[PDB]
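What follows is the content of run11.pdb, which has PDB, C-alpha atoms and all ligand atoms:
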ATOM      1  CA  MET A   1       0.000   0.000   0.000  1.00  0.00           C
ATOM      2  CA  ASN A   2       1.059   3.569  -0.688  1.00  0.00           C
ATOM      3  CA  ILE A   3      -0.620   6.939  -0.818  1.00  0.00           C
ATOM      4  CA  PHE A   4      -1.856   6.413  -4.241  1.00  0.00           C
ATOM      5  CA  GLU A   5      -3.584   3.177  -3.541  1.00  0.00           C
ATOM      6  CA  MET A   6      -4.744   4.453  -0.297  1.00  0.00           C
ATOM      7  CA  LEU A   7      -6.588   7.473  -1.668  1.00  0.00           C
ATOM      8  CA  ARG A   8      -7.763   5.468  -4.629  1.00  0.00           C
ATOM      9  CA  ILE A   9      -9.608   3.515  -2.201  1.00  0.00           C
ATOM     10  CA  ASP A  10     -10.972   6.474  -0.180  1.00  0.00           C
ATOM     11  CA  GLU A  11     -12.028   8.444  -3.183  1.00  0.00           C
ATOM     12  CA  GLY A  12     -13.006   5.949  -5.838  1.00  0.00           C
ATOM     13  CA  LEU A  13     -12.680   6.593  -9.540  1.00  0.00           C
ATOM     14  CA  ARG A  14     -15.445   8.271 -11.691  1.00  0.00           C
ATOM     15  CA  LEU A  15     -15.199   9.308 -15.310  1.00  0.00           C
ATOM     16  CA  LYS A  16     -18.254  11.550 -15.397  1.00  0.00           C
ATOM     17  CA  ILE A  17     -18.716  14.827 -13.455  1.00  0.00           C
ATOM     18  CA  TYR A  18     -20.214  14.012 -10.123  1.00  0.00           C
ATOM     19  CA  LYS A  19     -21.234  15.630  -6.915  1.00  0.00           C
ATOM     20  CA  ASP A  20     -19.065  14.902  -3.861  1.00  0.00           C
ATOM     21  CA  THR A  21     -20.201  14.263  -0.224  1.00  0.00           C
ATOM     22  CA  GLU A  22     -20.610  18.098   0.233  1.00  0.00           C
ATOM     23  CA  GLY A  23     -22.432  18.325  -3.099  1.00  0.00           C
ATOM     24  CA  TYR A  24     -19.567  19.819  -5.128  1.00  0.00           C
ATOM     25  CA  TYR A  25     -18.744  19.103  -8.709  1.00  0.00           C
ATOM     26  CA  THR A  26     -15.902  16.622  -8.944  1.00  0.00           C
ATOM     27  CA  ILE A  27     -14.372  14.093 -11.405  1.00  0.00           C
ATOM     28  CA  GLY A  28     -11.854  11.244 -11.530  1.00  0.00           C
ATOM     29  CA  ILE A  29     -10.189  10.464  -8.252  1.00  0.00           C
ATOM     30  CA  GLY A  30     -11.554  12.999  -5.892  1.00  0.00           C
ATOM     31  CA  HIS A  31     -10.507  15.927  -8.086  1.00  0.00           C
ATOM     32  CA  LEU A  32     -12.645  18.923  -7.031  1.00  0.00           C
ATOM     33  CA  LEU A  33     -13.759  20.972  -9.894  1.00  0.00           C
ATOM     34  CA  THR A  34     -15.475  23.916  -8.322  1.00  0.00           C
ATOM     35  CA  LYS A  35     -17.534  24.927  -5.468  1.00  0.00           C
ATOM     36  CA  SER A  36     -19.962  26.737  -7.791  1.00  0.00           C
ATOM     37  CA  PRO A  37     -23.408  25.255  -8.202  1.00  0.00           C
ATOM     38  CA  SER A  38     -23.289  25.728 -11.900  1.00  0.00           C
ATOM     39  CA  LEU A  39     -22.759  22.647 -13.967  1.00  0.00           C
ATOM     40  CA  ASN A  40     -21.293  24.848 -16.655  1.00  0.00           C
ATOM     41  CA  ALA A  41     -18.773  26.386 -14.468  1.00  0.00           C
ATOM     42  CA  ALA A  42     -17.709  22.818 -13.702  1.00  0.00           C
ATOM     43  CA  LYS A  43     -17.558  21.941 -17.323  1.00  0.00           C
ATOM     44  CA  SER A  44     -15.517  24.950 -18.001  1.00  0.00           C
ATOM     45  CA  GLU A  45     -13.098  24.128 -15.155  1.00  0.00           C
ATOM     46  CA  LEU A  46     -12.858  20.660 -16.463  1.00  0.00           C
ATOM     47  CA  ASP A  47     -11.872  21.521 -20.007  1.00  0.00           C
ATOM     48  CA  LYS A  48      -9.375  23.945 -18.727  1.00  0.00           C
ATOM     49  CA  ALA A  49      -7.910  21.225 -16.468  1.00  0.00           C
ATOM     50  CA  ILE A  50      -7.754  18.683 -19.303  1.00  0.00           C
ATOM     51  CA  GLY A  51      -6.799  20.925 -22.084  1.00  0.00           C
ATOM     52  CA  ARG A  52      -9.624  19.972 -24.353  1.00  0.00           C
ATOM     53  CA  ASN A  53     -13.313  19.923 -24.949  1.00  0.00           C
ATOM     54  CA  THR A  54     -14.550  17.178 -22.689  1.00  0.00           C
ATOM     55  CA  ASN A  55     -18.208  17.630 -22.425  1.00  0.00           C
ATOM     56  CA  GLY A  56     -18.127  16.261 -18.679  1.00  0.00           C
ATOM     57  CA  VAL A  57     -16.406  13.026 -19.539  1.00  0.00           C
ATOM     58  CA  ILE A  58     -12.698  11.940 -19.406  1.00  0.00           C
ATOM     59  CA  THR A  59     -10.606   8.856 -19.736  1.00  0.00           C
ATOM     60  CA  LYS A  60      -8.773   6.775 -17.161  1.00  0.00           C
ATOM     61  CA  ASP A  61      -5.519   8.084 -18.152  1.00  0.00           C
ATOM     62  CA  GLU A  62      -6.763  11.638 -17.866  1.00  0.00           C
ATOM     63  CA  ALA A  63      -8.192  10.842 -14.472  1.00  0.00           C
ATOM     64  CA  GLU A  64      -4.955   9.274 -13.443  1.00  0.00           C
ATOM     65  CA  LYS A  65      -3.045  12.225 -14.591  1.00  0.00           C
ATOM     66  CA  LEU A  66      -5.109  14.674 -12.567  1.00  0.00           C
ATOM     67  CA  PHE A  67      -4.597  12.248  -9.754  1.00  0.00           C
ATOM     68  CA  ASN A  68      -0.729  12.519  -9.865  1.00  0.00           C
ATOM     69  CA  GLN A  69      -0.835  16.233 -10.095  1.00  0.00           C
ATOM     70  CA  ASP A  70      -3.107  16.281  -7.115  1.00  0.00           C
ATOM     71  CA  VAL A  71      -0.982  14.139  -4.903  1.00  0.00           C
ATOM     72  CA  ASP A  72       2.034  16.125  -5.856  1.00  0.00           C
ATOM     73  CA  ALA A  73       0.357  19.377  -5.032  1.00  0.00           C
ATOM     74  CA  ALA A  74      -0.757  18.046  -1.649  1.00  0.00           C
ATOM     75  CA  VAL A  75       2.755  17.016  -0.699  1.00  0.00           C
ATOM     76  CA  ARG A  76       4.168  20.319  -1.677  1.00  0.00           C
ATOM     77  CA  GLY A  77       1.414  22.099   0.098  1.00  0.00           C
ATOM     78  CA  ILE A  78       2.481  20.252   3.203  1.00  0.00           C
ATOM     79  CA  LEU A  79       6.151  21.163   2.790  1.00  0.00           C
ATOM     80  CA  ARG A  80       5.459  24.743   2.223  1.00  0.00           C
ATOM     81  CA  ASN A  81       3.277  25.017   5.325  1.00  0.00           C
ATOM     82  CA  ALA A  82       4.877  26.173   8.526  1.00  0.00           C
ATOM     83  CA  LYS A  83       2.328  24.362  10.620  1.00  0.00           C
ATOM     84  CA  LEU A  84       2.401  21.099   8.705  1.00  0.00           C
ATOM     85  CA  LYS A  85       5.976  20.487   7.667  1.00  0.00           C
ATOM     86  CA  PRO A  86       7.267  19.770  11.038  1.00  0.00           C
ATOM     87  CA  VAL A  87       4.541  17.426  11.756  1.00  0.00           C
ATOM     88  CA  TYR A  88       5.191  15.640   8.661  1.00  0.00           C
ATOM     89  CA  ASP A  89       8.951  15.709   9.190  1.00  0.00           C
ATOM     90  CA  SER A  90       8.569  14.105  12.587  1.00  0.00           C
ATOM     91  CA  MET A  91       6.610  11.029  11.401  1.00  0.00           C
ATOM     92  CA  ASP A  92       7.248   7.691   9.770  1.00  0.00           C
ATOM     93  CA  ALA A  93       6.211   6.673   6.283  1.00  0.00           C
ATOM     94  CA  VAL A  94       2.810   5.330   7.016  1.00  0.00           C
ATOM     95  CA  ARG A  95       1.697   8.099   9.180  1.00  0.00           C
ATOM     96  CA  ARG A  96       2.934  10.593   6.594  1.00  0.00           C
ATOM     97  CA  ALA A  97       0.590   9.048   4.113  1.00  0.00           C
ATOM     98  CA  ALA A  98      -2.213   9.602   6.554  1.00  0.00           C
ATOM     99  CA  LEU A  99      -1.479  13.271   6.715  1.00  0.00           C
ATOM    100  CA  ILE A 100      -1.346  13.672   3.079  1.00  0.00           C
ATOM    101  CA  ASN A 101      -4.733  12.033   2.781  1.00  0.00           C
ATOM    102  CA  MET A 102      -6.207  14.527   5.077  1.00  0.00           C
ATOM    103  CA  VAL A 103      -4.626  17.270   3.140  1.00  0.00           C
ATOM    104  CA  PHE A 104      -5.894  15.941  -0.198  1.00  0.00           C
ATOM    105  CA  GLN A 105      -9.480  15.746   1.123  1.00  0.00           C
ATOM    106  CA  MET A 106      -9.494  18.961   2.935  1.00  0.00           C
ATOM    107  CA  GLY A 107      -6.877  21.385   2.062  1.00  0.00           C
ATOM    108  CA  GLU A 108      -3.798  22.517   3.767  1.00  0.00           C
ATOM    109  CA  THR A 109      -5.565  25.252   5.449  1.00  0.00           C
ATOM    110  CA  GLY A 110      -8.313  22.986   6.721  1.00  0.00           C
ATOM    111  CA  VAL A 111      -5.804  20.627   8.111  1.00  0.00           C
ATOM    112  CA  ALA A 112      -3.542  23.403   9.554  1.00  0.00           C
ATOM    113  CA  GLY A 113      -6.468  24.200  11.933  1.00  0.00           C
ATOM    114  CA  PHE A 114      -6.292  20.859  13.793  1.00  0.00           C
ATOM    115  CA  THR A 115      -3.738  22.528  15.952  1.00  0.00           C
ATOM    116  CA  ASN A 116      -4.060  20.497  18.942  1.00  0.00           C
ATOM    117  CA  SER A 117      -4.185  17.136  17.065  1.00  0.00           C
ATOM    118  CA  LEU A 118      -1.162  18.187  15.173  1.00  0.00           C
ATOM    119  CA  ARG A 119       0.667  18.928  18.431  1.00  0.00           C
ATOM    120  CA  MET A 120      -0.127  15.464  19.626  1.00  0.00           C
ATOM    121  CA  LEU A 121       0.857  13.712  16.492  1.00  0.00           C
ATOM    122  CA  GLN A 122       4.065  15.532  16.661  1.00  0.00           C
ATOM    123  CA  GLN A 123       4.580  14.410  20.116  1.00  0.00           C
ATOM    124  CA  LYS A 124       3.726  10.818  19.262  1.00  0.00           C
ATOM    125  CA  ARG A 125       0.765  10.682  21.583  1.00  0.00           C
ATOM    126  CA  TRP A 126      -1.136   8.310  19.310  1.00  0.00           C
ATOM    127  CA  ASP A 127      -4.192   7.426  21.191  1.00  0.00           C
ATOM    128  CA  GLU A 128      -4.738  10.918  22.357  1.00  0.00           C
ATOM    129  CA  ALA A 129      -4.463  12.341  18.962  1.00  0.00           C
ATOM    130  CA  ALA A 130      -6.886   9.824  17.616  1.00  0.00           C
ATOM    131  CA  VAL A 131      -9.390  10.839  20.211  1.00  0.00           C
ATOM    132  CA  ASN A 132      -8.878  14.479  19.437  1.00  0.00           C
ATOM    133  CA  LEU A 133      -9.069  14.019  15.745  1.00  0.00           C
ATOM    134  CA  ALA A 134     -12.547  12.458  16.157  1.00  0.00           C
ATOM    135  CA  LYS A 135     -13.988  15.624  17.714  1.00  0.00           C
ATOM    136  CA  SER A 136     -14.410  17.161  14.310  1.00  0.00           C
ATOM    137  CA  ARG A 137     -16.939  17.876  11.826  1.00  0.00           C
ATOM    138  CA  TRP A 138     -14.746  15.825   9.477  1.00  0.00           C
ATOM    139  CA  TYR A 139     -15.199  12.689  11.492  1.00  0.00           C
ATOM    140  CA  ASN A 140     -18.935  13.254  11.907  1.00  0.00           C
ATOM    141  CA  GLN A 141     -19.574  13.894   8.187  1.00  0.00           C
ATOM    142  CA  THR A 142     -17.326  11.092   6.718  1.00  0.00           C
ATOM    143  CA  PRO A 143     -16.919   8.843   9.588  1.00  0.00           C
ATOM    144  CA  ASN A 144     -15.793   5.588   7.864  1.00  0.00           C
ATOM    145  CA  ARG A 145     -13.001   7.323   5.921  1.00  0.00           C
ATOM    146  CA  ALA A 146     -12.104   9.311   8.961  1.00  0.00           C
ATOM    147  CA  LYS A 147     -11.832   6.074  11.004  1.00  0.00           C
ATOM    148  CA  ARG A 148      -9.564   4.693   8.392  1.00  0.00           C
ATOM    149  CA  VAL A 149      -7.143   7.606   8.493  1.00  0.00           C
ATOM    150  CA  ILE A 150      -7.317   7.814  12.231  1.00  0.00           C
ATOM    151  CA  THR A 151      -6.431   4.264  12.793  1.00  0.00           C
ATOM    152  CA  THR A 152      -3.620   4.751  10.419  1.00  0.00           C
ATOM    153  CA  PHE A 153      -2.234   7.584  12.642  1.00  0.00           C
ATOM    154  CA  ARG A 154      -2.855   5.368  15.680  1.00  0.00           C
ATOM    155  CA  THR A 155      -1.141   2.168  14.541  1.00  0.00           C
ATOM    156  CA  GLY A 156       1.447   3.308  11.979  1.00  0.00           C
ATOM    157  CA  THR A 157       0.241   0.363   9.912  1.00  0.00           C
ATOM    158  CA  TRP A 158      -2.110  -0.105   6.920  1.00  0.00           C
ATOM    159  CA  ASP A 159      -4.453  -2.463   8.695  1.00  0.00           C
ATOM    160  CA  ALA A 160      -7.561  -0.252   8.066  1.00  0.00           C
ATOM    161  CA  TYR A 161      -6.821  -0.622   4.471  1.00  0.00           C
ATOM    162  CA  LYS A 162      -6.417  -4.406   4.373  1.00  0.00           C
TER     163      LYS A 162
HETATM  164 CL    CL B 201      -5.590  21.580 -12.580  1.00  0.00          CL
HETATM  165 CL    CL B 202     -16.850   8.098   4.927  1.00  0.00          CL
END
Target encoding structure tokens, full file:
Amino acid sequence: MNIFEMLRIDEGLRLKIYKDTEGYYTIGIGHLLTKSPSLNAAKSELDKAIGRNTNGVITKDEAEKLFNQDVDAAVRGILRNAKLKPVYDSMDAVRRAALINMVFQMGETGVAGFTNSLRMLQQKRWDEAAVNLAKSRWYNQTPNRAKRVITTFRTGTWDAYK
């Protein structure tokens, strides 16, 4: 298992525009198109992202390519962030993957606000962090995915994914 496979599981793969759990226009592997309500705006954003006239549909390859860009961007978001980097720098490989997941789902800024959980992770207070991470909208809205990530922070293994 690795970050790719791990998110591929959390997000799924869809080749037609779709609405996410919050009702936003998305495509591929959890690639957010726009927060606008307009299906056109989404179509527009999509052809711009793909470089061609898509008409709301894309191929696997295309999907996969947005997916690489997206993971890359997430990582780099993390390294550029004064609140995240250290956390990330302190952890092992598996747990790092967990952090990136959060970041992919919710943005660097969203994640940078889990101050206290971040302090805990950094200190390696596993169980405590996992409790704290659960007192979040995030857990309450997407609880099964959130349990998966959480456990991953707790155990440093991929069990939740096997
Ligand atoms: Cl893009
Ligand atoms: Cl979920």
By how many Å are atom CA of residue A:4 and atom CA of residue A:70 apart?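 According to the coordinates, atom CA of residue A:4 and atom CA of residue A:70 are separated by 10.4 Å.
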Give the centre and edge lengths of an axis-aligned box, in Å to one decimal, that holds all listed atoms of stretch 55-72 of chain A with 3 Å on each side, as JSON.
{"center_x": -8.1, "center_y": 12.2, "center_z": -13.7, "size_x": 26.2, "size_y": 16.9, "size_z": 23.5}
Using all atoms listed in the file, find each protein or nucleic acid residue lying at most 6 Å from ligand CL 202 (chain B); present the set as an mmCIF file with C-alpha atoms, in the coordinates of the input.
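The new file selection_39.cif reads:
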data_model
loop_
_atom_site.group_PDB
_atom_site.id
_atom_site.type_symbol
_atom_site.label_atom_id
_atom_site.label_comp_id
_atom_site.auth_asym_id
_atom_site.auth_seq_id
_atom_site.Cartn_x
_atom_site.Cartn_y
_atom_site.Cartn_z
ATOM 1 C CA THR A 142 -17.326 11.092 6.718
ATOM 2 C CA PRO A 143 -16.919 8.843 9.588
ATOM 3 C CA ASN A 144 -15.793 5.588 7.864
ATOM 4 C CA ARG A 145 -13.001 7.323 5.921
#
Could you expand the PyMOL selection byres (((chain A and resi 49) around 12) and not hetatm) into the explicit residues it covers here, written as a PDB file with C-alpha atoms, keeping the file's coordinate frame?
ATOM      1  CA  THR A  26     -15.902  16.622  -8.944  1.00  0.00           C
ATOM      2  CA  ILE A  27     -14.372  14.093 -11.405  1.00  0.00           C
ATOM      3  CA  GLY A  28     -11.854  11.244 -11.530  1.00  0.00           C
ATOM      4  CA  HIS A  31     -10.507  15.927  -8.086  1.00  0.00           C
ATOM      5  CA  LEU A  32     -12.645  18.923  -7.031  1.00  0.00           C
ATOM      6  CA  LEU A  33     -13.759  20.972  -9.894  1.00  0.00           C
ATOM      7  CA  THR A  34     -15.475  23.916  -8.322  1.00  0.00           C
ATOM      8  CA  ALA A  42     -17.709  22.818 -13.702  1.00  0.00           C
ATOM      9  CA  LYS A  43     -17.558  21.941 -17.323  1.00  0.00           C
ATOM     10  CA  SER A  44     -15.517  24.950 -18.001  1.00  0.00           C
ATOM     11  CA  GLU A  45     -13.098  24.128 -15.155  1.00  0.00           C
ATOM     12  CA  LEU A  46     -12.858  20.660 -16.463  1.00  0.00           C
ATOM     13  CA  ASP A  47     -11.872  21.521 -20.007  1.00  0.00           C
ATOM     14  CA  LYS A  48      -9.375  23.945 -18.727  1.00  0.00           C
ATOM     15  CA  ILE A  50      -7.754  18.683 -19.303  1.00  0.00           C
ATOM     16  CA  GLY A  51      -6.799  20.925 -22.084  1.00  0.00           C
ATOM     17  CA  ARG A  52      -9.624  19.972 -24.353  1.00  0.00           C
ATOM     18  CA  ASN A  53     -13.313  19.923 -24.949  1.00  0.00           C
ATOM     19  CA  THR A  54     -14.550  17.178 -22.689  1.00  0.00           C
ATOM     20  CA  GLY A  56     -18.127  16.261 -18.679  1.00  0.00           C
ATOM     21  CA  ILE A  58     -12.698  11.940 -19.406  1.00  0.00           C
ATOM     22  CA  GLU A  62      -6.763  11.638 -17.866  1.00  0.00           C
ATOM     23  CA  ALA A  63      -8.192  10.842 -14.472  1.00  0.00           C
ATOM     24  CA  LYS A  65      -3.045  12.225 -14.591  1.00  0.00           C
ATOM     25  CA  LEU A  66      -5.109  14.674 -12.567  1.00  0.00           C
ATOM     26  CA  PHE A  67      -4.597  12.248  -9.754  1.00  0.00           C
ATOM     27  CA  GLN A  69      -0.835  16.233 -10.095  1.00  0.00           C
ATOM     28  CA  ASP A  70      -3.107  16.281  -7.115  1.00  0.00           C
TER      29      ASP A  70
END
Minimum-distance residue to residue A:9, chosen among A:111, A:131, A:29, A:73 (using all atoms listed in the file): A:29
Evaluating the PyMOL selection byres (((chain A and resi 94) around 8) and not hetatm) on the displayed file yields which residues, as a PyMOL selection string? chain A and resi 92-93+95-98+152-153+156-158
Do you have the atom CA of residue A:116-atom CA of residue A:99 distance handy?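 So the answer is 14.4 Å.
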For ligand CL 201 (chain B), which residue among A:112, A:141, A:90, A:71 is the nearest when counting all atoms listed in the file? A:71
Once the PyMOL selection byres (((chain A and resi 83-87) around 10) and not hetatm) is applied to the coordinates I shared, what remains selected? I want it as JSON, numbers by chain. {"A": [75, 76, 77, 78, 79, 80, 81, 82, 88, 89, 90, 91, 96, 99, 103, 108, 109, 111, 112, 113, 114, 115, 118, 119, 120, 121, 122, 123]}
Those same residues - C-alpha atoms - I'd like them written as a short mmCIF file (atom, residue, chain, number, x, y, z; two decimals), in the coordinates of the input.
data_model
loop_
_atom_site.label_atom_id
_atom_site.label_comp_id
_atom_site.auth_asym_id
_atom_site.auth_seq_id
_atom_site.Cartn_x
_atom_site.Cartn_y
_atom_site.Cartn_z
CA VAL A 75 2.76 17.02 -0.70
CA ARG A 76 4.17 20.32 -1.68
CA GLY A 77 1.41 22.10 0.10
CA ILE A 78 2.48 20.25 3.20
CA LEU A 79 6.15 21.16 2.79
CA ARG A 80 5.46 24.74 2.22
CA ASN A 81 3.28 25.02 5.32
CA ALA A 82 4.88 26.17 8.53
CA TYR A 88 5.19 15.64 8.66
CA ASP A 89 8.95 15.71 9.19
CA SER A 90 8.57 14.10 12.59
CA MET A 91 6.61 11.03 11.40
CA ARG A 96 2.93 10.59 6.59
CA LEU A 99 -1.48 13.27 6.72
CA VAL A 103 -4.63 17.27 3.14
CA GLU A 108 -3.80 22.52 3.77
CA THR A 109 -5.56 25.25 5.45
CA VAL A 111 -5.80 20.63 8.11
CA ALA A 112 -3.54 23.40 9.55
CA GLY A 113 -6.47 24.20 11.93
CA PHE A 114 -6.29 20.86 13.79
CA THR A 115 -3.74 22.53 15.95
CA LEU A 118 -1.16 18.19 15.17
CA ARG A 119 0.67 18.93 18.43
CA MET A 120 -0.13 15.46 19.63
CA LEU A 121 0.86 13.71 16.49
CA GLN A 122 4.07 15.53 16.66
CA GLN A 123 4.58 14.41 20.12
#
Out of A:72, A:5, A:127, A:159, which residue has the shortest atom-to-atom distance to ligand CL 201 (chain B) when counting all atoms listed in the file?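 Looking only at the distances to ligand CL 201 (chain B), the closest residue turns out to be A:72.
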Pairwise distance for atom CA of residue A:30 and atom CA of residue A:129, rounded to one decimal in Å: 25.9 Å
A:150, A:74, A:110, A:59 ranked by distance to residue A:128, top pick (using all atoms listed in the file):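 Among A:150, A:74, A:110, A:59, it is A:150 that comes nearest to residue A:128.
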Residue with smallest distance to ligand CL 201 (chain B) - pool A:100, A:148, A:106, A:68, counting only C-alpha atoms and all ligand atoms: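 Looking at the shortest contact to ligand CL 201 (chain B), the residue is A:68.
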